[PDB]
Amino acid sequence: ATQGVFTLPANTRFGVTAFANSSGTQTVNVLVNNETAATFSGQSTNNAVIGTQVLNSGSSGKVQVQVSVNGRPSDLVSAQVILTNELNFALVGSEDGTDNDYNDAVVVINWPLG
(Lines of atoms letter the chains of each structure in order from A and count residues from 1; the text may use other names and numbers.)
(Lines give C-alpha, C1' and ligand atoms only; values in the text may rest on other atoms or scores of the structure.)
Protein backbone atom coordinates (compact mmCIF):
# COMPACT_ATOMS: atom_id res chain seq x y z
CA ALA A 1 0.00 0.00 0.00
CA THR A 2 0.96 3.65 -0.52
CA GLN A 3 2.88 5.11 2.44
CA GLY A 4 3.96 8.61 3.33
CA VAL A 5 0.89 10.33 1.81
CA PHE A 6 -1.52 12.23 4.07
CA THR A 7 -4.64 14.30 3.46
CA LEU A 8 -4.59 17.26 5.81
CA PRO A 9 -7.41 19.76 6.21
CA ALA A 10 -7.15 22.33 3.44
CA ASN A 11 -4.96 25.41 3.89
CA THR A 12 -3.85 24.51 7.39
CA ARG A 13 -0.45 25.28 8.88
CA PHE A 14 1.52 22.21 9.91
CA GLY A 15 4.98 21.41 11.19
CA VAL A 16 7.28 18.88 9.59
CA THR A 17 10.43 17.66 11.33
CA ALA A 18 12.98 15.03 10.26
CA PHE A 19 15.37 12.92 12.38
CA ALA A 20 18.33 10.87 11.09
CA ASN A 21 19.54 7.50 12.41
CA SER A 22 21.87 5.98 9.82
CA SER A 23 25.43 5.91 8.55
CA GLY A 24 23.96 7.06 5.24
CA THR A 25 23.18 10.68 4.45
CA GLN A 26 19.40 11.06 4.38
CA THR A 27 17.47 13.29 2.00
CA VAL A 28 13.86 14.05 2.97
CA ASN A 29 11.55 15.75 0.50
CA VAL A 30 8.17 17.15 1.52
CA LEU A 31 5.69 17.70 -1.31
CA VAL A 32 2.51 19.73 -0.95
CA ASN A 33 0.02 19.31 -3.80
CA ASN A 34 2.78 17.44 -5.68
CA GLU A 35 5.14 20.45 -5.46
CA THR A 36 8.38 20.39 -3.46
CA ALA A 37 7.86 22.50 -0.34
CA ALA A 38 10.82 21.40 1.79
CA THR A 39 14.05 19.40 1.52
CA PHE A 40 16.09 18.29 4.55
CA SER A 41 19.40 16.42 4.55
CA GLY A 42 21.90 15.17 7.08
CA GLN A 43 23.78 12.23 8.55
CA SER A 44 23.55 11.09 12.17
CA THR A 45 23.23 7.87 14.14
CA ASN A 46 21.93 9.84 17.15
CA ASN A 47 18.57 11.31 16.02
CA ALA A 48 19.79 14.71 14.78
CA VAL A 49 16.97 17.06 13.76
CA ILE A 50 18.18 17.57 10.19
CA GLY A 51 15.27 19.88 9.47
CA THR A 52 12.12 21.42 10.85
CA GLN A 53 9.75 23.76 9.05
CA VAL A 54 6.25 25.23 9.11
CA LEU A 55 4.33 24.59 5.89
CA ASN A 56 0.77 25.09 4.68
CA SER A 57 -1.31 22.19 3.33
CA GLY A 58 -2.67 24.33 0.50
CA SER A 59 -5.90 24.02 -1.44
CA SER A 60 -5.70 20.22 -1.76
CA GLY A 61 -4.32 19.32 1.66
CA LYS A 62 -2.19 16.60 0.04
CA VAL A 63 1.17 16.16 1.76
CA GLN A 64 3.69 13.51 0.70
CA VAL A 65 7.02 12.60 2.31
CA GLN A 66 9.78 10.90 0.30
CA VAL A 67 13.12 9.65 1.65
CA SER A 68 16.25 8.70 -0.30
CA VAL A 69 19.95 8.04 0.35
CA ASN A 70 22.35 9.20 -2.39
CA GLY A 71 19.49 8.93 -4.89
CA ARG A 72 18.17 5.55 -3.71
CA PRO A 73 14.57 5.68 -2.40
CA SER A 74 14.04 4.21 1.05
CA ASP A 75 11.13 1.93 1.87
CA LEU A 76 8.48 3.85 3.84
CA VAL A 77 6.05 3.09 6.67
CA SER A 78 3.48 5.60 7.89
CA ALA A 79 0.29 6.26 9.85
CA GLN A 80 -1.75 9.15 11.23
CA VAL A 81 -2.97 9.35 14.83
CA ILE A 82 -5.46 11.82 16.34
CA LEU A 83 -5.66 12.58 20.08
CA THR A 84 -8.77 13.97 21.84
CA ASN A 85 -10.35 14.30 18.39
CA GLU A 86 -8.24 17.37 17.59
CA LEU A 87 -4.43 16.94 17.81
CA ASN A 88 -2.96 15.28 14.70
CA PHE A 89 0.34 13.48 14.05
CA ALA A 90 1.35 12.03 10.69
CA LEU A 91 4.28 9.67 11.16
CA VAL A 92 6.86 8.30 8.71
CA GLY A 93 9.65 5.76 9.12
CA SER A 94 12.10 4.66 6.46
CA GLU A 95 14.62 1.88 5.80
CA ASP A 96 17.70 2.48 3.65
CA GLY A 97 19.37 -0.93 4.21
CA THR A 98 18.94 -4.45 5.57
CA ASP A 99 18.48 -4.30 9.37
CA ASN A 100 14.85 -3.10 9.13
CA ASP A 101 15.00 -0.69 12.04
CA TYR A 102 12.97 1.76 9.87
CA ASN A 103 14.45 4.75 11.74
CA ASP A 104 17.01 5.79 9.13
CA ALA A 105 14.94 8.90 8.45
CA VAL A 106 11.99 9.55 10.78
CA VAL A 107 9.53 12.32 9.90
CA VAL A 108 6.84 13.76 12.19
CA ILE A 109 4.11 16.09 10.89
CA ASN A 110 1.94 17.84 13.49
CA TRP A 111 -1.08 20.14 13.37
CA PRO A 112 -2.85 22.38 14.30
CA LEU A 113 -0.26 25.03 15.13
CA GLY A 114 -0.53 28.32 17.02
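All residue numbers are counted from 1 along the displayed sequence.
In this entry, the higher average B-factor at the C-alpha atoms falls on 23 to 31, of the pair 23 to 31 and 82 to 90. Looking at 4 to 12 and 105 to 113 together, the entry lists the larger mean B-factor for 4 to 12, computed on C-alpha atoms. Looking only at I50, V77, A37, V69, the residue with the top Cα B factor in the deposited structure is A37. For the set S41, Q64, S44, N56, the PDB entry assigns the largest Cα B-factor to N56.
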